[PDB]
Amino acid sequence: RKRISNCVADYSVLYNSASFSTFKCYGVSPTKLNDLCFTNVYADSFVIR
Amino acid sequence: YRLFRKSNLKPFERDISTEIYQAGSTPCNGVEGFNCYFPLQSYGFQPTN
């Protein structure tokens, strides 16, 4: 659980990249993500089946 | 029911077009693919629901 704060969360190289085979946001659209302000962001990473 | 649509309908307007909404960078003109999906979506209506 890594905390992300006081930075810009541009997804120009994240969403546009085809390297991610599964990308789904349950609260907002990726298109409106870039123009939506946020707060402290927690990043959780793991490897599963 | 249509999950997503490029624009916002003016009041009392019906949309039947089933063209594959392309949100991804590549247009996916033929079929789904990179952030390209079928606009319509069915209900999970159930007695258990």
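Residues numbered from 1 in each chain as written, not as in the entry; some residues may be left out. Chains lettered and ligands numbered in written order. Part of a larger assembly, values for the part shown. Heavy atoms only, no water.

Structure determination for this entry, per the PDB record, employed cryo-EM and reached 2.72 Å resolution.

As annotated in the PDB entry, chain B carries the name Spike glycoprotein and comes from Severe acute respiratory syndrome coronavirus 2.

The name recorded for chain A in the PDB entry is Spike glycoprotein, from Severe acute respiratory syndrome coronavirus 2.

A look at the state of the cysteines
The condition is simple: Whenever a pair of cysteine sulfur atoms sits within 2.5 Å, that pair is classed as a disulfide. Any residue under 20% of the maximum accessible area for its type is buried, any over 50% is exposed, and the rest in between are partly exposed; the area is computed with a 1.4 Å probe on protein chains only.
Enumeration according to the criterion identifies 1 disulfide over all chains in this entry. Between the sulfur atoms of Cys28(B) and its disulfide mate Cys36(B) the distance is 2.0 Å. Here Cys28(B) and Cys36(B) share a disulfide; its torsion about the S-S bond, 60°, makes the bridge right-handed. The exposure class assigned to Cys36(B) is buried, which follows from its relative accessible area of 0%. For the unlinked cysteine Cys7(A), the closest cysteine sulfur is that of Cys37(A), found at 12 Å.

Comments concerning the side chain of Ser17(A)
Residues and elements named next belong to chain A. The cut-off we apply is this: Segments assigned H or I by DSSP are reported as helices when at least four residues long, segments assigned E as strands when at least two residues long, and all are numbered from the N terminus. Contacts described as polar in this section are N or O atom pairs within 3.5 Å, which, within protein, must combine one atom able to donate a hydrogen with one able to accept it, while residues neighboring in sequence count only if both atoms come from side chains.
Along the polypeptide, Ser17 turns up in the loop between β1 (2-4) and α1 (30-33). With a relative accessible area of 18%, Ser17 lands in the buried category. At 2.9 Å, the side chain of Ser17 and the backbone oxygen of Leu14 are in polar contact.

Notes on the UniProt feature "disulfide bond" in chain B
To be explicit about the condition: UniProt positions are given in the numbering used here, feature names are shortened, and annotations may be inferred rather than shown by experiment.
With an S-S distance of 2.0 Å, the disulfide that UniProt assigns to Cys28(B) and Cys36(B) is formed in this structure. Of the two residues, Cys28(B) and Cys36(B), both sit in the buried class.

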